[PDB]
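Novice: starting from these lines, generate the structure:
(chains A, B, C, D, E and F, ligands or ions: 4)
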Amino acid sequence: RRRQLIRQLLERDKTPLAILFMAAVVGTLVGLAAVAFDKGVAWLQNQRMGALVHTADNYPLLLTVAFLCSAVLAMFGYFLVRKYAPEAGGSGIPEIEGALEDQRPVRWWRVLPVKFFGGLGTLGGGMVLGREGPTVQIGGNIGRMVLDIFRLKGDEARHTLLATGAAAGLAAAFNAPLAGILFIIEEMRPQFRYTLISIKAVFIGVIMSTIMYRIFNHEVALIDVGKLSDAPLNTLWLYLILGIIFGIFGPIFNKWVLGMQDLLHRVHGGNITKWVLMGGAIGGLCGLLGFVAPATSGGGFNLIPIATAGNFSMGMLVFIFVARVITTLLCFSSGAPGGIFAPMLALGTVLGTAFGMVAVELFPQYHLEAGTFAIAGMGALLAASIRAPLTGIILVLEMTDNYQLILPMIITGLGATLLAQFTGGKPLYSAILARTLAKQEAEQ
Amino acid sequence: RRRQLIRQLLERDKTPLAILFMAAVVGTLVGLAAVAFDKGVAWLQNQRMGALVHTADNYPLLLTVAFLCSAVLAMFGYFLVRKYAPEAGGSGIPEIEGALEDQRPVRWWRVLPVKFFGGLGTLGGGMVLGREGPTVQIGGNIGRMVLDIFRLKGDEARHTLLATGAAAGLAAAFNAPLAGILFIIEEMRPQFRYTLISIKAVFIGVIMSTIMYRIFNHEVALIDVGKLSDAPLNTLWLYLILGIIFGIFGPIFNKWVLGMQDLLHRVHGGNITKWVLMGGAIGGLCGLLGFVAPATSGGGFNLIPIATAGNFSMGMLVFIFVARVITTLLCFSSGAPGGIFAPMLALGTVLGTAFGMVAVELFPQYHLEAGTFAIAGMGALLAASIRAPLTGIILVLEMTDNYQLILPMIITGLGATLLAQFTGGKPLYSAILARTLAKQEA
Amino acid sequence: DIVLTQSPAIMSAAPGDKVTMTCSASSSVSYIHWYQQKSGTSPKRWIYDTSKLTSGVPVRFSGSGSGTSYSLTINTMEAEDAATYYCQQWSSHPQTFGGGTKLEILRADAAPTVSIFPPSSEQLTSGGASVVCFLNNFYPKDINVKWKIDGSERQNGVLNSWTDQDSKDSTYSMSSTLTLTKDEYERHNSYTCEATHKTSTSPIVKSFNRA
Amino acid sequence: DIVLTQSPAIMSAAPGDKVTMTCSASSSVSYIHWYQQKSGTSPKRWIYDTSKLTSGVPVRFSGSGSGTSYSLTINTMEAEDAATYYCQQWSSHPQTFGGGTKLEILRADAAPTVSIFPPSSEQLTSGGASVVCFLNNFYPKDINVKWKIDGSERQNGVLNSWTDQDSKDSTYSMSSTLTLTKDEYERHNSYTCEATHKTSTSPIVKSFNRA
Amino acid sequence: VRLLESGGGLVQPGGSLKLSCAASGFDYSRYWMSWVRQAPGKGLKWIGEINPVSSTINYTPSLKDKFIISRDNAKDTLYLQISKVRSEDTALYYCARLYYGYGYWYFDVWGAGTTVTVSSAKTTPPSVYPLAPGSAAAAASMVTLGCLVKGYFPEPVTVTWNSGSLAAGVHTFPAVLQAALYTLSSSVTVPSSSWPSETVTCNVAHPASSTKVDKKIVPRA
Amino acid sequence: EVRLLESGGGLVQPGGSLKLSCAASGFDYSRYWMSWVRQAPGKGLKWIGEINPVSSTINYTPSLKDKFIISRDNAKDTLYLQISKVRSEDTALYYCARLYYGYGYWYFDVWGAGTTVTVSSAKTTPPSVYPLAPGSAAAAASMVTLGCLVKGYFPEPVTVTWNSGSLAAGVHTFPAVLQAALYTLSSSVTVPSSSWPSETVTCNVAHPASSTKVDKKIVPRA
Ligand SMILES: [Br-]
Ligand SMILES: [Br-]
Ligand SMILES: [Br-]
Ligand SMILES: [Br-]
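Specialist: Residues are numbered from 1 along each chain as shown, chains lettered A, B, ... in the order given. Ligands and ions are numbered 1, 2, ... in the order given. Sure, structure below:
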């Protein structure tokens, strides 16, 4: 195929000017979309607190309004999804992935208004769920919307404007431009065949999206953890132990969400009334736990710098980790709209911290900061549950800016991906799409 | 498809364990080797340094002993590549890209020794060529070698172990693990068809190689500038104008590296004696420039921090660029083993610093520091001429640790890879492979 | 250099009003800032980027405009808002400040509390005599102080000084300081200061006798 | 914990010469560091990881070894290399230094330049009497001294004091001071001071009489 | 986070003087610092700025070396040196810490100021006399006492009562000038119970003469 | 330069307390573990303790508890050491070090000059400074050895220079020796026969512990 190759080489990277200008406009929208989505999730969580104060004397009443405020806002989001766009429950990354395999439809006239307001209901109640779930899905559909609107043709701009939407979709949820671009390339793109995703466009999408997010969010960082110690060569072997620890736990977690989807599906059987009622109960718990023990609830971004600074006991770190596994499963297996990405950062941090602590006290010739081991294990559950290790590495890099730790961070992950492969683990996203395509053909 | 897809998904990321255990061994060997190349290269620059001592008095004698010291090491490399391995002259990355396509020969019994000692002559004699040309080539040839040694079969194992070796080999030339994997992904893979290259194995590959470098190269960084200032939002538009200047100069430089490959060839016309002799006048000139203007010769890393900290004048920058533009061509268009990747980092840093200095005197109200435009322009030639911005950006970020500039950096990189497209430039590593397959059926 | 010019150099308002002041420039400026400077205090970054409130500025403040015209607006001003405010730009080097809008307050009337104080002993042991009359906490500021020595009127050697408007009760104060020699002081006996103010038709007059 | 026992406690050797000392360990040890102390200076980190010359450390130095035994070595040593070399580990915790190894120059023998000094008039008036003798500039450090008082041995009230090896001539010195009360000093006339070396069988005497 | 400037006293016309600003509460490096001055009763006027490396230094309408700005991040200090002084420079000098929002820079945190008087006269410390009621003062819910601060130069003095423990109830009056000297009094109103039962002293302070005076208010018996 | 300047070490009575202070200059004093290391006279180097930049993990040697207190004043760029219940065992030369590593087996990277801590119930005592001339019938040789004794001072040490240290050659000062809680040491100085009694040889002794500067002149005897 020599002459075929020579001609194609001479013709590489000539994305059509129309596609690059549309990545610019998909980006900008996905940005404003996510910025608005974040600003919203905040204003609700605030009004939630302000009610606990109008009622701060009657401590039983206190726990009452904490439960019902979140139960109400949860049910709203549960209802809005199956009363409207169903494929908008849970993460939505499985679907946008599917939509790049051409197996799942981008119902943007429905998903746009169901994910965004349904998300605001679950997230804005303080459920254990990330912004990236909605923003990624919403961003893709926004890419589709501008596709159907401007009627562009070809597989290049369909898959491209689909990608740069969900890329800009994930940039804007972590102010992590590089992690967005990479998410497409490692995890999101169609994994069994070649593709026409114009990467240069995905960038213009990510750029414009991140610039919008900087416009509304600068001078404060999502996670400030400051500069921690370095890692001596003789220490690396402890991070390659940590990966193994995550490599065997990553898949065990995958099984639960699946088995928990099932075990929670048997609660409502499909009935929109039992299901919504159930979601209000979950959300109410999360609003209560958010008052009575905030580490077991919410998005987890708040307790990450606390865990790193060695400011949590081992007793606590275990407690936090048990409960936040419990409330993560209740929140994402039940299918409430929102990602199980950003809570998977926390669970890993709360683990690396626990290991750093035992690693500090067993080897003082090493002179350990327990916080290096949380930063390794932040993107560790990502490598061993969803098996996109290169993206959790550049994500963690971008949020925390401790580049020195590059080796134990890439060493731990390889540890986690490889033991997860070797202990029969399936990538959490694609394990969901299959159960979804097997359900879209197991009724005939 | 859906049934196929349901079956293919439920069976994803399951690289053969043998492919994995063997990837760890490739990087181990691509690492020890890679380190060995760099220890050699300095050790001879040392001799050139330590020989300029014994004859430091007859100022004409000194000029020429630095000429001849490097003139001699210059020629030794031109020969060891013509005599025993012709595909090992120059970069070698085109070649490894070629091999993955199944379109070129992996002669490891021949290239590993030719490149290793060949480049020591052009790198240790003071030439304008990075350690990256040899290290990635050697790294893959090493990867082929253990696929032959252990006799594993298939397209997957041949493409994985050829690839990781090229990644574990670009890391170990820049202490750049991420930009190692991201080179495979963004630039070196078969770019028009799917491949079975296992990333999880291309990753293990770079862990082991990186570890080998940190064991010999630790507590000393290759470019150290510290923490520069942040970049306001109202200033980001300047980083686009920078990227546009790179976007138009990106191609024009590509003309010059291809065109001059043709014209240095007319000098010799394929005569191994007319050619080695021409390249020891190049190398003799480069050991002699590395004494009068250490900034206009050598890898170029030395001037980058001096460049970034605004320590040059506007004139000296103007000079240093025109000079390095020149001294870069002559060294790689002559086909002497060693990359153009690194001497472009230098070219870019120099360029942006010139751009910042303008900015600083035009906008006192932005309170600018020209070094941020250096860091933006450092990977800018890489984005604009070999057209790999994602790897270029992540490379510079891995070597300068100025992540608060990640936005102005991505904006200059896109601003180059875009305007190179709208004018007339091509990925140089696939314009080489193009012209080199254009004579393999001519 | 860009010249910025204030709207009302000195305005007076009654709490519960809506109060706008306006910064105007010689040339186009964009994203300007505002500083609040209460009496005897370093300027405080009050509003920045045209319309963004420094943390801890009460929501009753807001900014707006576009280069040529910019305003700051206190929506239901409160009495603590009394200060001199400044607008500053740096869209064109050199940056350049305003001339100041000085917010004064209007409040219910309030009558002075008078104290008179005789020259201190140590002050007499050093050859001088100052008689200090405090007029504390009155609104409005107009006040006429009258010094009566031995029932006669004195007018040479009386220095007064008012305070700024208080920052929470909006009142004014004033001191009257009649300064004489030691011998001129002891050739008298009855000293009075007569305070007169719109909250009393008949002046307040505190006095003492050297006897 | 982990004991370090350096082996040639003191030692000499000529310049331009190969020197070798030794660190050892009660348990097993990884990667050991060496520090060079000159009397009166901060210990200088000399060698680390058991194989890593520090900056400025001259290349004639070197270290080798494994598990528990390691060793320093000077292939051709000048003078500046004479000092004390402390090995120290941190393979295990807590870390431990070794006792030391004193590296001293070896030179040609030199014999004492003895010098005897009669108690000063100043010390006498204060009612005591110390007779100082000065054995000066001799290799090797070993020496003896003997006091005679009217040619009769005295062993009480003597206090000797060796310098460390010298900087310039790389010899030694030693002072012997004999201290009596004024009174017992005037009971006798001739004080004699007898340096016994290895450079002769015949002591270098120095004496004086008060006449 | 704090800015504390000093070195403002008295200068002869045509002379020179070095001001200093000492920062605490933040990484003084990686921070543009600046200087704004304020003539008595006038408005603010930018003087100069200086980037962290001392590599860029811009000024306002000046002459050859009218102002000279410096820094020494080692000691965390800002510096400034006026020279060939004239009566225009006799004002109040602020040390500001610069930062930006969208990129259009502002004076983020301002110091407290030091005052330069450019006069011919001599530095002179204050006399503090206590002001207590005559032996015939009326007994109301409160008593007002004060102290009188006369005959000092240059400005300013500071008066606190009981080291600020009496924060409320205090009026210090603007100085007044005559024969090239300044005088001010200060008022304090305390309950009838707290005095003379408890101690009331006024804490005058005149930094331009390094002088402090803690005069106590005793009754007139 | 990178400088560790430690201070605070002098005479202390047994069972007392002191606060050693190490002042850093030449590098970022955070980001570094600091460490104290003492050395009894004529003995080995012994490790006291260490403290991590955020003061969050302070480590000492197997020796009681309240005995040592390491703290660091990152704000003042100063490392502190409090010794309580001071013994004669604690009489030593106290070093201040900064810790680094290589392959991750840690080492003592830069040391300071030291400070000397003397633990004795003995009281401060000035020295008596007595010349040493050669015998009234001294052997007229080419070189003449002089010397002045410094008898009975406490504690250590004394500086001894000759002619303001101009005659730096030909000099040694012997170690002091301790007797009945007092110190005695002499200093030789050889000059040529020509120099003395021609010019003035002088003996500057200074014992700062007691405010002693004294120039004692060497004149010939009888
Ligand atoms: Br899902
Ligand atoms: Br998700
Ligand atoms: Br090439
Ligand atoms: Br290259």
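Novice: nearest residue to the middle of the chain?
Specialist: This is for chain A. For chain A, the residue sitting closest to the mean C-alpha position, by CA atoms, centre = their mean, is residue A:341 at 2.5 Å.
Novice: oops, I was thinking of chain C
Specialist: residue C:164 (1.9 Å).
Novice: isn't the residue nearest to the centre of chain A up against residue A:133?
Specialist: Yes: Residue A:341 is in contact with residue A:133 according to CB atoms under 8 Å; the separation is 6.6 Å. (C-beta placed from N, C-alpha, C; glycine too.)
Novice: residues that sit against both of these two, list them.
Specialist: Residues touching both residue A:341 and residue A:133 (CB atoms under 8 Å, 6 or more residues apart in numbering or on different chains): A:91, A:93.
Novice: before we move on, back to that, phi first, then psi, for the residue nearest to the centre of chain A.
Specialist: As for residue A:341, its main-chain torsions (degrees, to the nearest 10) stand at phi -80, psi -80.
Novice: domain ranges for chain C?
Specialist: By the record's domain assignment, chain C is partitioned as C:1-107, C:108-210 (curated CATH domains).
Novice: ok, which of these comes nearest residue A:437?
Specialist: Of all these, domain C:1-107 sits nearest to residue A:437, with 49.3 Å by CB to CB.
Novice: element containing the closest residue to chain D within chain E?
Specialist: When CB to the nearest CB is the measure, chain E has its nearest residue to chain D at residue E:74, with 23.0 Å between them. No secondary structure element spans residue E:74, as it lies outside all helices and strands (assigned by DSSP states H and E).
Novice: so what's residue C:158 up against?
Specialist: For residue C:158, the contacting residues are C:145, C:147, C:176-179, by CB under 8 Å, 6+ apart.
Novice: kindly recompute the last result at 10 Å.
Specialist: Applying CB atoms under 10 Å, 6 or more residues apart in numbering or on different chains, one finds that residue C:158 lies in contact with C:131, C:133, C:145-147, C:176-179, C:193.
Novice: one more: residue A:86?
Specialist: For residue A:86, the contacting residues are A:107, A:110-111, A:114, A:335, by CB under 10 Å, 6+ apart.
Novice: partner residues bridging the closest residue to ligand 2 within chain A?
Specialist: Each residue of chain A has a distance to ligand 2, by CB to the ion, and the smallest belongs to residue A:339, at 2.7 Å. Using DSSP bridges, the bridge partners assigned to residue A:339 are residue A:130.
Novice: returning to what we had before: might one say that the residue nearest to the centre of chain A is in contact with residue A:93?
Specialist: Yes: Residue A:341 lies in contact with residue A:93 (CB atoms under 10 Å); the separation is 7.9 Å.
Novice: now do the shared contacts for the two.
Specialist: With CB under 10 Å, 6+ apart as the test, residue A:341 and residue A:93 both reach A:132-133, A:136, A:170, A:183, A:386, A:428-429.
Novice: name the helices or strands packed onto the longest helix along chain A?
Specialist: Counting residues, the longest helix in chain A under DSSP state H turns out to be helix A:17-54. Other elements packing on helix A:17-54 under the criterion 3 or more CB pairs under 10 Å, 6 or more residues apart in numbering or on different chains; DSSP states H and E are helix A:59-82, helix A:108-122, helix A:132-150, helix A:155-174, helix A:199-217, helix A:272-292, helix B:406-419.
Novice: so which of these is nearest residue A:413?
Specialist: helix A:155-174 (17.1 Å).
Novice: confirm that residue E:185 sits in a strand.
Specialist: Yes: following the definition DSSP: H, G, I helix; E, B strand; the rest coil, residue E:185 is counted among the residues of a strand.
Novice: who's in contact with the residue in the stretch 201-350 of chain A positioned nearest to chain D?
Specialist: Using CB to the nearest CB, residue A:234 is the residue of the stretch 201-350 of chain A that sits closest to chain D, at 8.4 Å. Taking CB under 10 Å, 6+ apart as the contact definition, residue A:234 lies against A:363, A:365-366, D:30-31, D:91, F:101-106.
Novice: ok, back up a step: farthest-apart pair in the shared contacts of residue A:341 and residue A:93, please.
Specialist: So, these by CB to CB: farthest apart are A:170 and A:428, at 15.6 Å.
Novice: what about the two, which has more around it?
Specialist: More neighbours sit around residue A:170 than around the other of residue A:170 and residue A:428, counting by other CB atoms under 10 Å in any protein chain shown; the figures are 34 against 27.
Novice: disregarding residues adjacent in the polypeptide, which is nearest to the more buried one?
Specialist: With sequence-adjacent residues excluded and distances taken as CB to CB, 6 or more residues apart in numbering or on different chains, residue A:170 is closest to residue A:180, at 4.6 Å.
Novice: try residue E:172
Specialist: With CB to CB, 6+ apart as the measure, residue E:186 is the residue that lies nearest to residue E:172, at 4.2 Å, once sequence neighbours are left out.
Novice: the one you found bridge partners, please.
Specialist: On the basis of DSSP bridges, residue E:186 takes part in beta bridges with residue E:147, residue E:172.
Novice: Three-state assignment for the spatially closest residue to residue C:204 that is not a sequence neighbour, please.
Specialist: Nearest residue to residue C:204 in three dimensions, chain neighbours excluded: residue C:195, at 4.3 Å (CB to CB, 6+ apart). Each residue gets one of three states, and residue C:195 gets strand by three-state DSSP.
Novice: tally of neighbours for the closest residue to residue A:159 other than its chain neighbours?
Specialist: Counting by CB to CB, 6+ apart, residue A:159 lies nearest to residue A:197, which is 5.2 Å off, once chain neighbours are set aside. Other residues within reach of residue A:197 by the criterion other CB under 10 Å amount to 24.
Novice: could you do residue C:75 as well?
Specialist: 12.
Novice: contacts only, for it.
Specialist: The neighbours of residue C:75, taking CB under 10 Å, 6+ apart as the test, are C:17-20, C:59-62.
Novice: stretch A:379-389: end-to-end distance?
Specialist: Using CA to CA, to the nearest Å, the end-to-end distance of stretch A:379-389 comes to 7 Å.
Novice: which positions within the helix or strand harbouring residue C:201 qualify as buried?
Specialist: With secondary structure defined by DSSP H and E, residue C:201 is part of strand C:200-209. By neighbour count with 16 or more other CB atoms under 10 Å in any protein chain shown, strand C:200-209 contains the buried residues C:204, C:206-208.
Novice: now, among the residues you listed, which is nearest to ligand 3?
Specialist: Among those, and counting by CB to the ion, the member closest to ligand 3 is residue C:204, at 100.4 Å.
Novice: correct me, but that closest one touches residue C:196?
Specialist: Yes: here residue C:204 lies in contact with residue C:196, judged by CB under 10 Å, at a distance of 7.6 Å.
Novice: hey, what's in contact with both of those two?
Specialist: Common neighbours of residue C:204 and residue C:196, counting by CB under 10 Å, 6+ apart, are residue C:112.
Novice: give me the neighbour count for residue A:260.
Specialist: 16.
Novice: so it touches residue A:90, yeah?
Specialist: No: counting by CB under 10 Å, residue A:260 stays clear of residue A:90, with 11.4 Å between them.
Novice: just the buried ones from the contacts of residue A:234?
Specialist: Neighbour-count burial within these applies to A:365-366, D:30-31, D:91, F:101-106; the criterion is 16+ other CB under 10 Å.
Novice: quick one, what contacts the residue in the stretch 301-444 of chain A that chain D sits nearest to?
Specialist: Each residue of the stretch 301-444 of chain A has a distance to chain D, by CB to the nearest CB, and the smallest belongs to residue A:365, at 4.2 Å. With contacts defined as CB under 10 Å, 6+ apart, residue A:365 is in contact with A:232, A:234, D:30, D:89-95, F:101, F:104-106.
Novice: nearest to chain C, of these?
Specialist: Nearest member of those to chain C, counting by CB to the nearest CB, is residue A:232, at 41.1 Å.
Novice: what sits against that closest one?
Specialist: Counting by CB under 10 Å, 6+ apart, the residues that residue A:232 touches are A:365-368, B:218, F:100-106.
Novice: for ligand 1, state which of those residues is nearest.
Specialist: Looking across the contacts of residue A:232 and measuring by CB to the ion, the closest to ligand 1 is residue A:368, at 37.6 Å.
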